[PDB]
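Here's model37.txt, which has compact mmCIF, C-alpha atoms and all ligand atoms:
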# COMPACT_ATOMS: atom_id res chain seq x y z
CA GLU I 1 31.61 -23.99 -5.60
CA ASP I 2 28.42 -22.61 -7.13
CA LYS I 3 28.05 -26.05 -8.72
CA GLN I 4 29.53 -27.96 -5.80
CA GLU I 5 26.70 -26.52 -3.72
CA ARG I 6 24.26 -28.29 -6.02
CA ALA I 7 26.50 -31.35 -5.74
CA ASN I 8 26.11 -31.45 -1.96
CA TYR I 9 22.34 -30.97 -2.03
CA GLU I 10 22.17 -33.55 -4.77
CA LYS I 11 24.12 -36.07 -2.72
CA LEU I 12 22.04 -35.33 0.37
CA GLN I 13 18.72 -35.31 -1.49
CA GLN I 14 19.55 -38.73 -2.87
CA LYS I 15 20.72 -39.86 0.57
CA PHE I 16 17.52 -38.74 2.26
CA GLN I 17 15.40 -40.42 -0.44
CA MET I 18 17.05 -43.81 0.21
CA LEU I 19 16.69 -43.44 3.96
CA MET I 20 13.00 -42.61 3.56
CA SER I 21 12.89 -45.88 1.62
CA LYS I 22 15.01 -48.18 3.75
CA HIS I 23 13.07 -47.41 6.93
CA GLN I 24 9.89 -46.15 5.20
CA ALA I 25 7.27 -45.95 7.95
CA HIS I 26 9.87 -45.11 10.61
CA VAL I 27 11.26 -41.55 10.64
CA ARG I 28 13.32 -41.71 13.86
CA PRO I 29 16.25 -43.45 12.03
CA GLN I 30 16.30 -41.18 8.96
CA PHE I 31 17.11 -38.19 11.13
CA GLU I 32 19.35 -39.94 13.63
CA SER I 33 21.28 -40.60 10.41
CA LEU I 34 21.24 -37.00 9.13
CA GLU I 35 22.30 -35.88 12.62
CA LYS I 36 25.67 -37.60 12.21
CA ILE I 37 26.36 -35.03 9.47
CA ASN I 38 25.11 -32.20 11.68
CA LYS I 39 23.24 -32.41 14.98
CA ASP I 40 21.50 -29.15 14.09
CA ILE I 41 19.52 -30.78 11.27
CA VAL I 42 16.04 -31.01 12.76
CA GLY I 43 13.84 -31.81 9.76
CA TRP I 44 13.19 -32.05 6.05
CA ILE I 45 10.96 -30.05 3.73
CA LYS I 46 10.01 -31.24 0.25
CA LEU I 47 7.59 -30.20 -2.50
CA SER I 48 7.43 -32.68 -5.37
CA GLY I 49 8.08 -31.44 -8.87
CA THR I 50 10.11 -28.48 -7.64
CA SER I 51 13.56 -27.64 -6.34
CA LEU I 52 12.20 -27.25 -2.78
CA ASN I 53 13.82 -30.34 -1.29
CA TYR I 54 16.20 -29.54 1.57
CA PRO I 55 17.05 -30.34 5.20
CA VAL I 56 15.86 -27.85 7.85
CA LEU I 57 18.32 -26.35 10.39
CA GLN I 58 18.02 -24.85 13.85
CA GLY I 59 20.68 -23.03 15.87
CA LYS I 60 20.81 -21.02 19.09
CA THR I 61 19.87 -17.90 17.13
CA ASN I 62 17.95 -16.89 13.99
CA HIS I 63 21.14 -15.88 12.19
CA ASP I 64 23.14 -19.01 12.95
CA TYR I 65 22.34 -20.68 9.65
CA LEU I 66 21.60 -17.54 7.68
CA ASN I 67 24.87 -17.86 5.77
CA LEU I 68 25.77 -21.51 6.53
CA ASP I 69 24.75 -24.73 4.77
CA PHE I 70 24.05 -28.01 6.57
CA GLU I 71 27.72 -28.97 6.95
CA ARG I 72 28.51 -25.54 8.39
CA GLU I 73 30.28 -24.07 5.35
CA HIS I 74 29.84 -20.39 4.54
CA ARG I 75 27.44 -19.82 1.62
CA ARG I 76 25.46 -16.81 0.49
CA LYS I 77 22.31 -18.96 0.41
CA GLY I 78 22.79 -20.45 3.89
CA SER I 79 20.16 -23.07 4.70
CA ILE I 80 16.47 -23.45 5.31
CA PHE I 81 16.26 -22.96 9.08
CA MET I 82 13.61 -23.11 11.78
CA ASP I 83 13.11 -20.26 14.24
CA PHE I 84 15.38 -20.77 17.24
CA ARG I 85 12.28 -20.45 19.43
CA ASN I 86 10.26 -23.28 17.96
CA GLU I 87 9.93 -26.78 19.45
CA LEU I 88 10.93 -29.99 17.67
CA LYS I 89 9.15 -32.52 19.90
CA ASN I 90 5.81 -30.83 20.54
CA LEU I 91 5.07 -28.20 17.91
CA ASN I 92 3.97 -24.68 18.87
CA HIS I 93 0.89 -23.12 17.27
CA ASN I 94 3.09 -21.56 14.60
CA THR I 95 6.39 -23.09 13.50
CA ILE I 96 8.47 -20.63 11.48
CA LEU I 97 10.95 -21.60 8.79
CA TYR I 98 13.22 -19.22 6.86
CA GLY I 99 15.32 -19.46 3.71
CA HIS I 100 16.88 -17.36 0.94
CA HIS I 101 15.38 -16.06 -2.28
CA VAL I 102 18.33 -15.14 -4.50
CA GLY I 103 16.40 -15.95 -7.67
CA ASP I 104 17.99 -19.07 -9.17
CA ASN I 105 15.38 -21.70 -8.35
CA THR I 106 16.92 -22.86 -5.07
CA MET I 107 16.16 -22.66 -1.37
CA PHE I 108 12.99 -20.64 -1.01
CA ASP I 109 12.73 -19.22 -4.53
CA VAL I 110 9.70 -21.43 -5.09
CA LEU I 111 7.67 -19.50 -2.49
CA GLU I 112 7.10 -16.72 -5.02
CA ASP I 113 5.31 -19.22 -7.23
CA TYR I 114 2.60 -19.66 -4.61
CA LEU I 115 1.46 -16.11 -5.33
CA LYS I 116 -0.17 -17.55 -8.49
CA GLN I 117 -3.45 -19.48 -7.88
CA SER I 118 -2.65 -21.79 -10.77
CA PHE I 119 0.62 -22.85 -9.11
CA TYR I 120 -1.06 -23.09 -5.71
CA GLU I 121 -3.62 -25.43 -7.29
CA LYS I 122 -0.99 -27.84 -8.61
CA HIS I 123 0.93 -27.78 -5.31
CA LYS I 124 -1.53 -27.75 -2.41
CA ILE I 125 0.67 -29.97 -0.23
CA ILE I 126 4.23 -29.74 1.08
CA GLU I 127 6.02 -32.56 2.93
CA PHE I 128 7.74 -31.93 6.25
CA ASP I 129 9.46 -34.64 8.28
CA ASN I 130 11.58 -34.81 11.42
CA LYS I 131 12.78 -37.13 14.17
CA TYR I 132 9.26 -37.38 15.67
CA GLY I 133 6.82 -37.87 12.81
CA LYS I 134 5.72 -37.27 9.25
CA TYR I 135 3.77 -34.10 8.54
CA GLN I 136 1.83 -32.66 5.66
CA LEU I 137 1.75 -28.91 5.05
CA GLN I 138 -1.59 -27.74 3.70
CA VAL I 139 -1.06 -24.35 2.08
CA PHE I 140 -3.90 -21.90 2.65
CA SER I 141 -2.33 -18.44 2.39
CA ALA I 142 0.42 -16.81 0.29
CA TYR I 143 1.32 -13.10 0.22
CA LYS I 144 4.05 -10.48 -0.10
CA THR I 145 4.85 -8.36 2.95
CA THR I 146 6.82 -5.32 4.10
CA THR I 147 6.48 -5.82 7.86
CA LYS I 148 9.12 -7.84 9.76
CA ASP I 149 6.95 -9.07 12.69
CA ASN I 150 3.48 -10.38 13.58
CA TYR I 151 3.68 -13.31 11.16
CA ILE I 152 6.75 -14.30 13.22
CA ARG I 153 4.73 -15.30 16.31
CA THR I 154 5.59 -18.70 17.78
CA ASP I 155 3.01 -19.28 20.51
CA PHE I 156 -0.10 -17.26 21.37
CA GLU I 157 -2.03 -15.80 24.31
CA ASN I 158 -5.42 -17.48 23.82
CA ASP I 159 -7.92 -18.83 21.29
CA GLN I 160 -9.30 -15.34 20.68
CA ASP I 161 -5.79 -13.94 20.13
CA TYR I 162 -4.89 -16.87 17.83
CA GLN I 163 -8.19 -16.73 16.00
CA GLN I 164 -7.29 -13.20 14.87
CA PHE I 165 -3.93 -14.33 13.51
CA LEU I 166 -5.55 -17.01 11.41
CA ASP I 167 -8.14 -14.53 10.22
CA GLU I 168 -5.59 -11.94 9.16
CA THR I 169 -3.41 -14.60 7.55
CA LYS I 170 -6.42 -15.59 5.49
CA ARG I 171 -7.34 -12.01 4.65
CA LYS I 172 -3.80 -11.27 3.47
CA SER I 173 -3.65 -14.24 1.09
CA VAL I 174 -3.61 -13.58 -2.62
CA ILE I 175 -4.81 -17.08 -3.51
CA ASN I 176 -8.07 -18.97 -2.83
CA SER I 177 -7.75 -22.08 -0.70
CA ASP I 178 -10.39 -24.71 0.13
CA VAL I 179 -8.42 -25.77 3.23
CA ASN I 180 -9.93 -25.07 6.65
CA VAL I 181 -7.93 -23.93 9.66
CA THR I 182 -9.00 -23.41 13.27
CA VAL I 183 -7.75 -22.52 16.72
CA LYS I 184 -7.47 -26.31 17.10
CA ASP I 185 -4.96 -26.85 14.29
CA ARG I 186 -1.23 -26.01 14.39
CA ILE I 187 0.29 -23.99 11.52
CA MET I 188 3.66 -23.61 9.80
CA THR I 189 4.95 -20.40 8.23
CA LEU I 190 7.48 -20.29 5.42
CA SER I 191 9.17 -16.94 4.95
CA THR I 192 11.92 -15.67 2.76
CA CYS I 193 15.00 -13.99 4.26
CA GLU I 194 17.54 -11.43 3.12
CA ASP I 195 21.12 -11.42 4.29
CA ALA I 196 21.76 -9.67 7.62
CA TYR I 197 21.62 -5.86 7.30
CA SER I 198 20.44 -6.34 3.70
CA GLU I 199 17.47 -3.97 3.86
CA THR I 200 14.49 -4.97 1.70
CA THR I 201 10.84 -4.37 2.52
CA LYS I 202 9.99 -7.26 0.18
CA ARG I 203 9.29 -10.65 1.79
CA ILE I 204 7.25 -13.63 0.63
CA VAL I 205 5.30 -15.63 3.19
CA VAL I 206 3.47 -18.95 2.85
CA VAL I 207 1.34 -20.36 5.69
CA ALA I 208 0.02 -23.92 5.92
CA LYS I 209 -2.05 -26.14 8.20
CA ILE I 210 0.31 -28.69 9.86
CA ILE I 211 -1.03 -32.25 9.58
CA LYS I 212 0.78 -35.08 11.43
CA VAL I 213 0.34 -38.10 9.11
CA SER I 214 2.09 -40.58 11.42
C1 LIG P 1 14.92 -13.04 7.81
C2 LIG P 1 13.46 -13.08 8.00
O1 LIG P 1 12.73 -13.85 7.20
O2 LIG P 1 12.96 -12.37 8.98
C3 LIG P 1 15.67 -13.14 9.19
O3 LIG P 1 15.29 -14.36 9.95
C4 LIG P 1 15.31 -11.92 10.03
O4 LIG P 1 15.34 -10.77 9.44
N1 LIG P 1 14.82 -12.11 11.34
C5 LIG P 1 14.56 -10.96 12.34
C6 LIG P 1 14.35 -11.54 13.80
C7 LIG P 1 13.01 -12.20 14.38
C8 LIG P 1 11.90 -12.43 13.28
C9 LIG P 1 12.40 -11.28 15.50
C10 LIG P 1 15.77 -9.90 12.37
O5 LIG P 1 15.79 -8.95 13.22
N2 LIG P 1 16.80 -10.07 11.50
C11 LIG P 1 18.25 -10.31 11.95
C12 LIG P 1 18.52 -11.73 12.58
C13 LIG P 1 17.77 -11.83 13.95
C14 LIG P 1 18.74 -11.77 15.16
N3 LIG P 1 18.65 -12.98 15.98
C15 LIG P 1 17.58 -13.37 16.72
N4 LIG P 1 17.65 -14.52 17.43
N5 LIG P 1 16.43 -12.62 16.77
In C-alpha cells, how does this file's structure come out?
Amino acid sequence: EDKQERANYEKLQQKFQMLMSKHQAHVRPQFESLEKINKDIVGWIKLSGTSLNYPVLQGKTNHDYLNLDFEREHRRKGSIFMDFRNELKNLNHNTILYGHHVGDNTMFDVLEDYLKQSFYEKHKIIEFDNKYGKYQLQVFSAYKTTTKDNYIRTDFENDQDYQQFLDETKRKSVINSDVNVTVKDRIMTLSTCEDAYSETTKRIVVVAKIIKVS
C-alpha cells in the first residue's frame, strides 16, 4: 500500500521516461499512451534531482483528484491535478496545479524547498509536458500564504489587471529571481492542498513563467 504507491509511481515514471525517449521530439504520442491508463491525465511535471516527477490530472471539479491517484484508487495523497477551469490546448494566463504536502518527500513536498534561495538557485527550471507541446517552467516567486483566493485566478480582465497580479506575485516572493515576466507571458502556479475540510491557513505557492519549448 504505502509502498505499493511508490511502486505505481515508479512503474509510471519509468514508463513515461521511455516514451519521452521512443518518440523524443513528439509529445502527442506520449500522452495518447498515458491516456489509455486514464483519459484524465492531461500532462506531466518533472524537476530533475527531486521526487517531483508525476502525471498531472484534471477532472470536472477541483476535488475530483484530491484523494485519487492516476488510476482512480483512493489515496490520502491523491494526485497532482490541474484546476478544472484551465485549458489544455490553449493555455490561460495562469494555469493552476495542486498537490498534497504530507511531508514525506512526495507529491508537492518539494515546493517548500523553493522558499530557500539556495534551493531555488539549483532548481530554476521545472519541466511540464502535455499532449500539445513541451514547456519549461521558469520559477520567479515562492511564498507561504494564508489566503485561499487571488492566486487562484485563471484568466484576467485586462493588461492593467494582470500587471497587478504579476507585481504582487513578485512582491510576495521570498526568493530573488533574475527571470522576467510580463503581461505578454503566460504563467503557471503550483500550490499545495490540504484534504477537504482539513482547515489549515498554511499553503505554499510557487509561480513560474510558462515557456513553450516546442
Ligand atoms: C486546495 C488548494 O490548494 O486550494 C484545494 O484545491 C482547495 O482548497 N480549493 C478551493 C476552491 C477554488 C480555489 C476556488 C476550495 O474551496 N476547497 C474545496 C474544493 C473546491 C470545490 N470544488 C470546486 N470546483 N471549486
### Task
Enter the distance from CA of residue 111 in chain I to CA of residue 193 in chain I, in Å, rounded to one decimal.
11.4 Å
Output, as lines of an AutoDock Vina configuration file, the centre and edge lengths in Å (one decimal) of the axis-aligned box that contains all listed atoms of ligand LIG 1 (chain P) with 5 Å of margin on each side.
center_x = 15.3
center_y = -11.7
center_z = 12.3
size_x = 16.8
size_y = 15.6
size_z = 20.2
### Contacts to ligand LIG 1 (chain P) at 7 Å cut-off (all atoms listed in the file) as a ChimeraX atom specification
/I:61-63,84,98,148-149,152,191-194,196
### Task
Tell me, as JSON, numbers by chain, which residues lie within 12 Å of range 180-189 of chain I, counting all atoms listed in the file; anything in the same chain fewer than 6 positions away does not count.
{"I": [45, 81, 82, 83, 86, 87, 90, 91, 92, 93, 94, 95, 96, 97, 98, 99, 111, 126, 127, 128, 135, 136, 137, 138, 139, 140, 141, 142, 143, 150, 151, 152, 153, 154, 155, 156, 157, 158, 159, 160, 161, 162, 163, 164, 165, 166, 167, 169, 170, 204, 205, 206, 207, 208, 209, 210, 211, 212]}
Generate a file of the selected residues that holds C-alpha atoms, formatted as a PDB file, in the coordinates of the input.
ATOM      1  CA  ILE I  45      10.960 -30.050   3.730  1.00  0.00           C
ATOM      2  CA  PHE I  81      16.260 -22.960   9.080  1.00  0.00           C
ATOM      3  CA  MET I  82      13.610 -23.110  11.780  1.00  0.00           C
ATOM      4  CA  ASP I  83      13.110 -20.260  14.240  1.00  0.00           C
ATOM      5  CA  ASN I  86      10.260 -23.280  17.960  1.00  0.00           C
ATOM      6  CA  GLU I  87       9.930 -26.780  19.450  1.00  0.00           C
ATOM      7  CA  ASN I  90       5.810 -30.830  20.540  1.00  0.00           C
ATOM      8  CA  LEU I  91       5.070 -28.200  17.910  1.00  0.00           C
ATOM      9  CA  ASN I  92       3.970 -24.680  18.870  1.00  0.00           C
ATOM     10  CA  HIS I  93       0.890 -23.120  17.270  1.00  0.00           C
ATOM     11  CA  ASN I  94       3.090 -21.560  14.600  1.00  0.00           C
ATOM     12  CA  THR I  95       6.390 -23.090  13.500  1.00  0.00           C
ATOM     13  CA  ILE I  96       8.470 -20.630  11.480  1.00  0.00           C
ATOM     14  CA  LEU I  97      10.950 -21.600   8.790  1.00  0.00           C
ATOM     15  CA  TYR I  98      13.220 -19.220   6.860  1.00  0.00           C
ATOM     16  CA  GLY I  99      15.320 -19.460   3.710  1.00  0.00           C
ATOM     17  CA  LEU I 111       7.670 -19.500  -2.490  1.00  0.00           C
ATOM     18  CA  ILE I 126       4.230 -29.740   1.080  1.00  0.00           C
ATOM     19  CA  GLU I 127       6.020 -32.560   2.930  1.00  0.00           C
ATOM     20  CA  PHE I 128       7.740 -31.930   6.250  1.00  0.00           C
ATOM     21  CA  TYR I 135       3.770 -34.100   8.540  1.00  0.00           C
ATOM     22  CA  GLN I 136       1.830 -32.660   5.660  1.00  0.00           C
ATOM     23  CA  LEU I 137       1.750 -28.910   5.050  1.00  0.00           C
ATOM     24  CA  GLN I 138      -1.590 -27.740   3.700  1.00  0.00           C
ATOM     25  CA  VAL I 139      -1.060 -24.350   2.080  1.00  0.00           C
ATOM     26  CA  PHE I 140      -3.900 -21.900   2.650  1.00  0.00           C
ATOM     27  CA  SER I 141      -2.330 -18.440   2.390  1.00  0.00           C
ATOM     28  CA  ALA I 142       0.420 -16.810   0.290  1.00  0.00           C
ATOM     29  CA  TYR I 143       1.320 -13.100   0.220  1.00  0.00           C
ATOM     30  CA  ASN I 150       3.480 -10.380  13.580  1.00  0.00           C
ATOM     31  CA  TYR I 151       3.680 -13.310  11.160  1.00  0.00           C
ATOM     32  CA  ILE I 152       6.750 -14.300  13.220  1.00  0.00           C
ATOM     33  CA  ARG I 153       4.730 -15.300  16.310  1.00  0.00           C
ATOM     34  CA  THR I 154       5.590 -18.700  17.780  1.00  0.00           C
ATOM     35  CA  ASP I 155       3.010 -19.280  20.510  1.00  0.00           C
ATOM     36  CA  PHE I 156      -0.100 -17.260  21.370  1.00  0.00           C
ATOM     37  CA  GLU I 157      -2.030 -15.800  24.310  1.00  0.00           C
ATOM     38  CA  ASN I 158      -5.420 -17.480  23.820  1.00  0.00           C
ATOM     39  CA  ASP I 159      -7.920 -18.830  21.290  1.00  0.00           C
ATOM     40  CA  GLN I 160      -9.300 -15.340  20.680  1.00  0.00           C
ATOM     41  CA  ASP I 161      -5.790 -13.940  20.130  1.00  0.00           C
ATOM     42  CA  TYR I 162      -4.890 -16.870  17.830  1.00  0.00           C
ATOM     43  CA  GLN I 163      -8.190 -16.730  16.000  1.00  0.00           C
ATOM     44  CA  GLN I 164      -7.290 -13.200  14.870  1.00  0.00           C
ATOM     45  CA  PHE I 165      -3.930 -14.330  13.510  1.00  0.00           C
ATOM     46  CA  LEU I 166      -5.550 -17.010  11.410  1.00  0.00           C
ATOM     47  CA  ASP I 167      -8.140 -14.530  10.220  1.00  0.00           C
ATOM     48  CA  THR I 169      -3.410 -14.600   7.550  1.00  0.00           C
ATOM     49  CA  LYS I 170      -6.420 -15.590   5.490  1.00  0.00           C
ATOM     50  CA  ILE I 204       7.250 -13.630   0.630  1.00  0.00           C
ATOM     51  CA  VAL I 205       5.300 -15.630   3.190  1.00  0.00           C
ATOM     52  CA  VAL I 206       3.470 -18.950   2.850  1.00  0.00           C
ATOM     53  CA  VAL I 207       1.340 -20.360   5.690  1.00  0.00           C
ATOM     54  CA  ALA I 208       0.020 -23.920   5.920  1.00  0.00           C
ATOM     55  CA  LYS I 209      -2.050 -26.140   8.200  1.00  0.00           C
ATOM     56  CA  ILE I 210       0.310 -28.690   9.860  1.00  0.00           C
ATOM     57  CA  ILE I 211      -1.030 -32.250   9.580  1.00  0.00           C
ATOM     58  CA  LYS I 212       0.780 -35.080  11.430  1.00  0.00           C
TER      59      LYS I 212
END
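Shortest atom-to-atom contact with residue 55 in chain I among I:117, I:14, I:79, I:106: I:79, counting only C-alpha atoms.
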#### Entry: Nearest candidate to residue 101 in chain I (options I:34, I:190, I:25, I:12; using only C-alpha atoms)
I:190
### Task
Would you work out the distance separating CA of residue 40 in chain I from CA of residue 56 in chain I, expressed in Å to one decimal?
8.5 Å
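Distance annotation: of I:179, I:107, I:102, I:66, the residue with the minimal separation from residue 121 in chain I is I:179; atom set is all atoms listed in the file.
The space between CA of residue 23 in chain I and CA of residue 42 in chain I spans 17.7 Å.
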### Task
Would you list the residues near (26.1, -26.1, -4.5) (no more than 12 Å away, in the coordinates of the file, using all atoms listed in the file) as a PyMOL selection string?
chain I and resi 1-12+68-71+73-79+104+106-107
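Every protein, DNA or RNA residue with an atom at most 8 Å from residue 120 in chain I, where all atoms listed in the file count and chain neighbours fewer than 6 positions away do not, is listed here: residues 113, 114, 139 and 175 of chain I.
Between residue 32 in chain I and the candidates I:130, I:17, I:200, I:214, the tightest atom-to-atom separation, counting only C-alpha atoms, involves I:130.
Minimum distance to residue 51 in chain I across I:88, I:109, I:21, I:27 (counting only C-alpha atoms) occurs at I:109.
Between residue 145 in chain I and the residues I:108, I:100, I:131, I:202, the shortest atom-to-atom distance, using all atoms listed in the file, involves I:202.
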Would you mind putting back N, CA, C and O atoms on range 183-194 of chain I, then writing it out as a compact mmCIF listing (two decimals), keeping the file's coordinate frame?
# COMPACT_ATOMS: atom_id res chain seq x y z
N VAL I 183 -8.56 -22.74 15.54
CA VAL I 183 -7.75 -22.52 16.72
C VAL I 183 -7.29 -23.87 17.29
O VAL I 183 -6.50 -23.93 18.23
N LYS I 184 -7.81 -24.95 16.69
CA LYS I 184 -7.47 -26.31 17.10
C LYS I 184 -6.12 -26.67 16.46
O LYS I 184 -5.15 -27.00 17.15
N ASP I 185 -6.11 -26.57 15.13
CA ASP I 185 -4.96 -26.85 14.29
C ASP I 185 -3.68 -26.09 14.64
O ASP I 185 -3.72 -25.04 15.28
N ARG I 186 -2.55 -26.64 14.21
CA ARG I 186 -1.23 -26.01 14.39
C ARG I 186 -0.84 -25.56 12.97
O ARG I 186 -1.22 -26.19 11.98
N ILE I 187 -0.10 -24.46 12.85
CA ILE I 187 0.29 -23.99 11.52
C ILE I 187 1.80 -23.85 11.35
O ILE I 187 2.55 -23.80 12.33
N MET I 188 2.25 -23.83 10.10
CA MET I 188 3.66 -23.61 9.80
C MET I 188 3.77 -22.46 8.79
O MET I 188 3.02 -22.40 7.79
N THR I 189 4.71 -21.56 9.07
CA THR I 189 4.95 -20.40 8.23
C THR I 189 6.28 -20.52 7.49
O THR I 189 7.31 -20.87 8.07
N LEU I 190 6.26 -20.24 6.20
CA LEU I 190 7.48 -20.29 5.42
C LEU I 190 7.71 -18.86 4.98
O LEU I 190 6.83 -18.27 4.36
N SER I 191 8.87 -18.31 5.30
CA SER I 191 9.17 -16.94 4.95
C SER I 191 10.51 -16.79 4.29
O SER I 191 11.45 -17.43 4.71
N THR I 192 10.62 -15.90 3.41
CA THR I 192 11.92 -15.67 2.76
C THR I 192 12.77 -14.80 3.70
O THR I 192 12.24 -14.16 4.62
N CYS I 193 14.07 -14.74 3.42
CA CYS I 193 15.00 -13.99 4.26
C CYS I 193 16.12 -13.35 3.46
O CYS I 193 16.68 -13.96 2.55
N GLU I 194 16.46 -12.11 3.80
CA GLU I 194 17.54 -11.43 3.12
C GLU I 194 18.72 -11.53 4.08
O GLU I 194 18.52 -11.81 5.27
